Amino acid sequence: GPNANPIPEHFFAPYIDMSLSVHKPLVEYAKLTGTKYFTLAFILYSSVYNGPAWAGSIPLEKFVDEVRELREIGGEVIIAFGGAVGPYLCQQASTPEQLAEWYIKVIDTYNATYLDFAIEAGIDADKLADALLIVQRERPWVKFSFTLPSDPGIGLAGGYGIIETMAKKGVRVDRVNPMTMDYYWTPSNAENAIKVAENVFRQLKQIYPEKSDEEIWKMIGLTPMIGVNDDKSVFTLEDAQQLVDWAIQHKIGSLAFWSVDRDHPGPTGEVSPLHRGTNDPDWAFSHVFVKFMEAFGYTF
């Protein structure tokens, strides 16, 4: 369309922390990473603006021009809410109507076609669902993704209840995107990411028993944390390659990772927003994950 582009059927849209002072133009990241799709993170409640803002108080509209320029090369974005720290819009809003108004302001500012709810903290899932019923009614072209903590012993944790609530309420669930990271008791590697994927497959089959195997895999995305994780385990470049190959074979809907600005070498094991604590060259993980899209027709 004139102000929005198609996202491929099998896509890779890694997270960019928009609040970092190192932030490059989106078009520059496209050139460097090889992907022209990104998940922009995170919108939170700003007390200063009494509404949505990046990391809870950078002006909402700051990146409109960057998104326009990315769209000029055929790129597109997913706008993400939430993340590790609150206050989330869905926590601060007193009513689902207020919450939907805020989500719609974000959609309208960016002409967004896809939203991501990265729900890590405790929330009122009923209020969220009620808000999203309003959003999908008013903005019926906007897809919803849910990015949620996971563990290779269980699949989704409390986030399972969120998806259950969505499905019951009749809220569209376009993507379920477990965060395959930070288990603490077992390492963040490809084997464990695949176990999470399999568990989530079973979880979604329970909610949507009428869906085919291929329909369920299409709903699933996986998001590792590249290189060193918060628990000192390391999701390696070999893990990336193994996961990409598995993802291609299973024809899953999407991959992402935390994060674009971490895709640089750094001192071994150091946790940073600016590098991944491994020795792989700049953009090495990005280039491996792009192979997922390339299997299914993508070229850039």
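Just count from 1 along the sequence shown to find any residue number.
If you average the Cα B factors in the entry, which is higher, 223-231 or 161-169? Taking the mean B-factor of the alpha carbons in each, 161-169 is higher.
Once you work out the mean C-alpha B-factor for both 21-29 and 283-291 from the entry, which is higher? Looking at the recorded C-alpha B-factors, 21-29 comes out higher on average.
For the listed residues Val48, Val67, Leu274, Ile43, which one has the largest C-alpha B-factor as given in the deposited model? If I rank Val48, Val67, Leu274, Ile43 by C-alpha B-factor, first place goes to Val48.
Just grab whichever of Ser150, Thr113, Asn192, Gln92 has the top CA B-factor as deposited. It is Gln92.
For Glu76, the third of its chain into which the C-alpha B factor falls: Within its chain, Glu76 is a lowest-third residue by C-alpha B-factor, going by the deposited values.
Going by what the PDB entry lists, where does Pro52 fall on CA B-factor within its chain: lowest, middle or highest third? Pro52: CA B-factor falls in the highest third of its chain.
If you rank every modelled residue in this chain by C-alpha B factor, which third holds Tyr208: lowest, middle or highest? As the PDB entry reports it, the C-alpha B-factor of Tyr208 lands in the highest third of its chain.
Could you place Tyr88 in the lowest, middle or highest third of its chain by Cα temperature factor, using the values in the record? Answer is highest: the recorded C-alpha B-factor places it there.
Give the position of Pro140 by CA B-factor within its chain, expressed as the lowest, middle or highest third. Middle third, going by the recorded CA B-factors of the chain.
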